[PDB]
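Chemist: Opening with a subset of the complex:
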Amino acid sequence: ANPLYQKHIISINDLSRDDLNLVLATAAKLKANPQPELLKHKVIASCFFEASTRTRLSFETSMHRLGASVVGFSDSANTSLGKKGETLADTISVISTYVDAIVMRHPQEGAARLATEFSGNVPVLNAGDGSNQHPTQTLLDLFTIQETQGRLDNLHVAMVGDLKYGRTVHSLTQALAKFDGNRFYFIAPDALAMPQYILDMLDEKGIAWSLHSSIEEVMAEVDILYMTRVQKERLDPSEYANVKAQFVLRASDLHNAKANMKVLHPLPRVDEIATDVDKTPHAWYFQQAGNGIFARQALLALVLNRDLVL
C-alpha cells in the first residue's frame, strides 16, 4: 500500500519530505482528473470542538467530491461531552466504532494525538489542536507555493504576525525545512515570536532565518509573504497589548515586490491585510483557500485507499 494508507495525520514532525510530495502529486492529479466515487461507502466523522469556516467546509466538501458520507458536529455543546460530562477519550472510543476516519479540530494542544490512543484502527486527521499543529493547512500551503513558485527549494519565505500561537506557521516552517536551501524571515512582535523549538530545528539543519521589525526590510527579496492573524482566543491576558495587528499590509507596500511574489494567509484576516491588496496580482489567499479542496481530497484518498492509479 501507499505510505500514508491508514496513517494518523497529527503533526508535520511525523511526516517525511516524500510523504509531503506524495500528497502534492496526488493533489495535482485530482485537480486535473477528479475521482467522484473514490471514497464510496466511506463514512467520515467531522468533529470540530472550536470554530472553523475553511477547514471544516473544505474538508466536508472534499469528502463529498470523493463520494464519502459525513457525520459529526461543528459545536461540542450538544454532544454528550458538552452536556453530560463525557471525556474526549470516551467520545473518541465510541465514534471510532462508527466511522472510517476521524477529522478533528480542538482547542487544547495534544487532543488529536490523544484521540489516536482511543481510535484503534481508525485514522485520525488533525484539523488543528490548540496552538500546536495544523498539518492539512500546511499541505494546501505547500501545494499553493509549489503551484505559484514552481518549487519548494531555495525559496525566500517571510512569515508575519502572531508566530507564537500560529499553529499554521509551526507546521509550515517544519515542512519547508524538510526541503533544501529555504530562507526564512520572521516578522513578529517580541511577545508573539516564533517559538524556540522551531528555531532550534532550523539551527540543527543549518537553515538560515532572521528576525525583522518591518515587511519593507524584506519586500524586495521574498517569494512568499505569509501573513497571519493574531490568535486572540489563545492570548494570555498579559499579552492583550498585542491583540491588534502590528503589521498591516496594503497595496502600496508592494511596489518593490518580486513580480512572482505571492501574498498568502491561512485566513481569516482581521486587519493585517487591507482589502486594497485583494485586487493586486500578489493577493493569493483566496486561491490558497481554494486549494484546500485538492490537498484534503488528496490526503483522504491516500489514507483510505491502499493504492491510487491516476
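Modeler: Yep, that arrived. Numbering: from 1, shown residues only, chains lettered A, B, ... in the order given.

Chemist: Am I right that residue A:210 sits in a strand?
Modeler: Yes - according to DSSP: H, G, I helix; E, B strand; the rest coil, residue A:210 belongs to a strand.

Chemist: Please report how far residue A:99 lies from residue A:122.
Modeler: Relative to residue A:122, residue A:99 is positioned 7 Å away (C-beta to C-beta, to the nearest Å). For every residue, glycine as well, the C-beta is placed using N, CA and C.

Chemist: can you pull the contacts of the most centrally placed residue in chain A?
Modeler: Centroid-nearest residue in chain A: residue A:137, 1.6 Å away (criterion: C-alpha atoms, centre = their mean). Residues near residue A:137 by C-beta atoms under 8 Å, 6 or more residues apart in numbering: A:55, A:128, A:167-168, A:171-172, A:266.

Chemist: Dump these into JSON lines; add neighbour count and distance to residue A:180 as well.
Modeler: Below are those laid out as JSON lines (neighbours: other C-beta atoms under 10 Å; distance: C-beta to C-beta, whole Å):
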{"residue": "A:55", "neighbour count": "24", "distance to residue A:180": "29"}
{"residue": "A:128", "neighbour count": "26", "distance to residue A:180": "28"}
{"residue": "A:167", "neighbour count": "22", "distance to residue A:180": "25"}
{"residue": "A:168", "neighbour count": "27", "distance to residue A:180": "22"}
{"residue": "A:171", "neighbour count": "27", "distance to residue A:180": "19"}
{"residue": "A:172", "neighbour count": "27", "distance to residue A:180": "16"}
{"residue": "A:266", "neighbour count": "26", "distance to residue A:180": "24"}
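
Chemist: Among the residues you listed, pick out the one closest to residue A:88, please.
Modeler: In terms of C-beta to C-beta, no member of the contacts of residue A:137 lies closer to residue A:88 than residue A:128, at 14.7 Å.

Chemist: And for that closest one, nearest residue in space, chain neighbours not counted?
Modeler: Nearest residue to residue A:128 in three dimensions, chain neighbours excluded: residue A:105, at 4.3 Å (C-beta to C-beta, 6 or more residues apart in numbering).

Chemist: is it fair to say that neighbour lies in a strand?
Modeler: Yes - with three-state DSSP as the criterion, residue A:105 is located in a strand.

Chemist: Quick check, it in contact with residue A:48.
Modeler: Yes - Residue A:105 lies in contact with residue A:48 (C-beta atoms under 8 Å); the separation is 4.7 Å.

Chemist: include chain B as well:
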Amino acid sequence: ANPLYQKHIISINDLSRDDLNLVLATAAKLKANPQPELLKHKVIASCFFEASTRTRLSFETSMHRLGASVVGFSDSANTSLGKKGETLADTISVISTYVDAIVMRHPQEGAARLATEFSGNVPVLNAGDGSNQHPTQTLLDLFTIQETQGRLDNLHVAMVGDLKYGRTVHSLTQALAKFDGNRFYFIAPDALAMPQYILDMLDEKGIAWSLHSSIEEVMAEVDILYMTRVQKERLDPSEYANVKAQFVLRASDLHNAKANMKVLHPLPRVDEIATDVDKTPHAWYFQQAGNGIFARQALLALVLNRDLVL
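Modeler: Chain B, in position alongside the others:
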C-alpha cells in the same frame, strides 16, 4: 409486508417479543452482509432537541451505510421553534411533508408519541423522550446481550445507578420481561429507585426481581451488569444529594464475576465505571455502542422496506 413496515417506534410497551427478535435477526444479517443501497432515495430527519453523541451519530451513520440522505438539527436553538415560538406540533407537521421518516430525541416525556399525531404517514422513531423511553437503546442492548450470552432467556441481570430517570432501563426491563425466566437485581439509591409501574409489570408476569445495596451482593451471580449514569439534567433540586454516583465499579470488584459476565452501560459514564475496568474481559460498553450501528440499520430497513431478503 414485514410487521414493522411503516410503524412508529415509540415505546417498548408497544412491541412484541417477535418484533424485537425480528430486529435482532435483521441486525445479525446486516452485520454479516451489508446492504449499502437498501435505503437509496430515502431522506430521513434527525431531530435532536437535547444532547447526544452515540444515538445521533450511530443513527446518521446507519442511514448513510444504507444509502439514505439525512437532514435535521442537533440543537433546537436555530429552528423556528427555538427563535419564533413555533410549537413542536407545527414543526412535525411541516417536516413530515419533506422526509420519509423522523428520528427525534426530546427533553419532555411524550414528545415522540405527540409527534405521531402530526406526522401522518411518516414513521416516527423515538431516540429518547425525557426520562420515559429509549427503544433503540434497548434494541442494541438486546443485540449485545444476545451476542455475548447466546440467549435472552434465563439471564441474571443487574441494573445499577439512576433507575428512576433512566429511560434506558425502563425500556430494557420491559423488553427482557417479554422473554422467559429472566431475573433482575435493582441496585439503586432509594430516591432514584426503579419506578413502581415497572415493578408492577414484573409482578403481574411472575418475574423475580430484588433490591440490593451493593454490587458485591450479586457479582458472582450476574450474566449482565448494566451500569447507568445519574441523570442530573432530570433531577429535581430536592434530589441533588444523589448527583454523585453511589455505586462505583472498578477492576477489583470483578474478582468473583462469572467468566461470561459482561459489563454494559448505555453511556456516557461519569464516575460509576472506573477506567481500570476498560482493559478487563468484562468491559463491553464500547462494543455495545458499536452495535448501535447494526440495530439502528436493522430498524430503519424494517420500517422503510416492505420486505427484506438476506
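
Chemist: in the host helix or strand of the residue nearest to the centre of chain A, what's buried?
Modeler: Following DSSP states H and E, one finds residue A:137 within helix A:135-149. Buried residues in helix A:135-149, counted by 16 or more other C-beta atoms under 10 Å in any protein chain shown: A:135-149.

Chemist: Show me which of those residues is closest to chain B.
Modeler: Closest approach between the buried residues of helix A:135-149 and chain B, by C-beta to the nearest C-beta: residue A:136, at 22.1 Å.

Chemist: right, and that closest one touches residue A:295 too?
Modeler: Yes - contact criterion C-beta under 8 Å: residue A:136 and residue A:295 qualify, at 6.5 Å.

Chemist: which SS state does residue A:114 fall under?
Modeler: Applying three-state DSSP: residue A:114 is helix.

Chemist: Tell me how many other residues crowd it.
Modeler: 19 (other C-beta atoms under 10 Å in any protein chain shown).

Chemist: how about the residues of the stretch 1-150 of chain A near chain B?
Modeler: Residues of the stretch 1-150 of chain A lying close to chain B (C-beta under 8 Å from any C-beta of the partner chain) are A:41, A:43, A:45, A:69, A:71-73, A:75, A:77-86, A:90-91, A:93-95, A:97-99.

Chemist: Can you flag the buried ones in these?
Modeler: A:43, A:45, A:69, A:71-73, A:78-84, A:86, A:90-91, A:93-95, A:97-99.

Chemist: So which of those belong to helices?
Modeler: A:80-83, A:90-91, A:93-95 (DSSP state H).

Chemist: Just the CA atoms of stretch A:67-79, as CSV, please.
Modeler: Taking C-alpha atoms only, stretch A:67-79 is exported to CSV below (Å, rounded to 0.1, in the frame of the first residue of the first chain):
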residue,chain,number,x,y,z
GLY,A,67,-18.3,10.2,-2.8
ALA,A,68,-18.0,9.6,1.0
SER,A,69,-20.7,10.4,3.6
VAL,A,70,-20.1,12.7,6.5
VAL,A,71,-21.2,12.8,10.2
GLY,A,72,-20.2,15.0,13.1
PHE,A,73,-20.7,18.3,14.7
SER,A,74,-19.4,21.9,14.5
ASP,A,75,-20.0,22.7,18.1
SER,A,76,-19.4,20.4,21.1
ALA,A,77,-22.2,22.0,23.1
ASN,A,78,-24.9,19.4,22.1
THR,A,79,-22.7,16.4,22.3
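
Chemist: and chain C on top of that:
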Amino acid sequence: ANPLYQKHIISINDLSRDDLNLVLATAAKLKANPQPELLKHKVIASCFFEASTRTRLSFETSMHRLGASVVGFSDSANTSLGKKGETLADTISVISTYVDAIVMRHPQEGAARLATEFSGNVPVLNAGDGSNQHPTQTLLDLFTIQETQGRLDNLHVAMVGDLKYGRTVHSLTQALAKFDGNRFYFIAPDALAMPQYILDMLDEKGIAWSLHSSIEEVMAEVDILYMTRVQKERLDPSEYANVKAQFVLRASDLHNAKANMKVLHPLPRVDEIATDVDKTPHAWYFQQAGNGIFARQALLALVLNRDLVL
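Modeler: Below, chain C sits with the chains from the block before:
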C-alpha cells in the same frame, strides 16, 4: 470596670452565666430609665458583610438612643474589600483606628474572632458569623424568655427547623445550658440536626435533651417553642431537599399549649410560622424583635462605659 468593659463579644461559649445576667439587668434598667447621652462622643462601626434587617437596624437604633454616632456599610460591595481585593484583616486594621467599637456580621464562620486579632484595643461585637454564633440574638432571646416565663431555669424549650446552620440556636442552647434544670427538645430534619459539639456539651453538663419528629408531641410540655428558618444560603446543594420548611406551625396546633407558652422566632420567617399565629396570645416574635433594642443598648453600655449603670 464592669466585667464586660472593653470585652470582645464573639461567642456565647466565652461568656459565663454571670455575664449573661449582667447584660439582662442592665437591659431592664435602661428600659426603665433611658440614658440618651451615655455613649455621647463614641463613634461605632456597623459593618455588615451579609444581609440584615433586625440586627443591623436595632444595633444602630440602640447606638443613637445612647447618643453615639455610627459609621459603616450594609453591603461589602463598595468597600475596598469588595472592589480592590483587600483582606478582612487589613479592613479591620484600618477601621480600628477610627472607631470605639466594631459591630460586624459576616458570611464566613470565625470572621469576628479573626477581627479581634487585628482590632487592637477596639472591641468587636459579633452580629453573626456564618452558621457559627449570634451572641446578641441570644441576649435578646434570653431577655424575652425571662420577660414571659419569669425565669431562665427549669424550662422546657423546643427548637425547631434548621439546627445545623442556625447560629441562633447554637448560641441560645449554649446560653440556656449555663442555667439549671432546663430541658431541650430538638425537632429538625436529620440532615439539619443540632451539631454534636452542642449535644456533647449538654451531656457533659447532665442536661436532658431528646429528638422529636413533630411539634404536637411536645406542645403540651413546652414553655418556649423556638422556631427557625431553614438557612438556605448556608446549604450545600446536597441538602437542597430541605429548603422548604419541614415543620409549619399554625394557630390550630396551639390548642393544647400551656397558657404561659410563647412562640419565638429570631426572624425572618418564611412559612414555618403561618400568619394565623400572629394574632394568638402565644405569638411573641415581634415583641422578641423589639427586645433587641434593650439587649443591644445594654451590651453597648457595658462594653463602652466602665461604670455599672443605675
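
Chemist: mind redoing the neighbour count of residue A:114 now chain C's in there?
Modeler: Other residues near residue A:114 number 19, with proximity taken as other C-beta under 10 Å.

Chemist: Wait, it touches residue A:89, no?
Modeler: Yes - contact criterion C-beta under 8 Å: residue A:114 and residue A:89 qualify, at 7.0 Å.

Chemist: how about the strands in the stretch 201-310 of chain A?
Modeler: Here the stretch 201-310 of chain A has its strands, by DSSP state E, counting those that start in this stretch, at A:209-211, A:224-227, A:262-264.

Chemist: With distance to residue C:273 and mean neighbour count as added columns, please give the ones you listed in TSV.
Modeler: Formatted as TSV, the strands of the stretch 201-310 of chain A follow (distance: least, C-beta to C-beta, whole Å; neighbours: other C-beta atoms under 10 Å in any protein chain shown):
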stretch	distance to residue C:273	mean neighbour count
strand A:209-211	76	14
strand A:224-227	72	26
strand A:262-264	75	25
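
Chemist: ok, the residue nearest to residue A:90 when sequence neighbours are not counted - contacts?
Modeler: Excluding its sequence neighbours, the residue lying closest to residue A:90 (C-beta to C-beta, 6 or more residues apart in numbering or on different chains) is residue B:268, at 6.0 Å. Residues counted as contacts of residue B:268 (C-beta atoms under 8 Å, 6 or more residues apart in numbering or on different chains) are A:80-81, A:84-86, A:90, B:53, B:229.

Chemist: Looking at these, spot the one nearest chain C.
Modeler: Once C-beta to the nearest C-beta is applied, the member of the contacts of residue B:268 that ends up nearest chain C is residue A:85, at 15.9 Å.

Chemist: for the closest one, what are its contacts?
Modeler: B:268, B:270.

Chemist: The same query, at a cut-off of 6 Å, please.
Modeler: By C-beta atoms under 6 Å, 6 or more residues apart in numbering or on different chains, the contact list for residue A:85 reads residue B:270.

Chemist: phi, psi of it?
Modeler: phi 80, psi 20 (degrees, to the nearest 10).

Chemist: Around residue A:60, how many other residues sit close by?
Modeler: Neighbour count for residue A:60, taken as other C-beta under 10 Å: 18.

Chemist: Hmm, I typed the wrong one, I wanted residue A:15.
Modeler: Quick note: residue A:15 (other C-beta under 10 Å) scores 23 neighbours.

Chemist: Please report phi then psi for it.
Modeler: The phi/psi pair for residue A:15 (degrees, to the nearest 10) is phi -110, psi 140.
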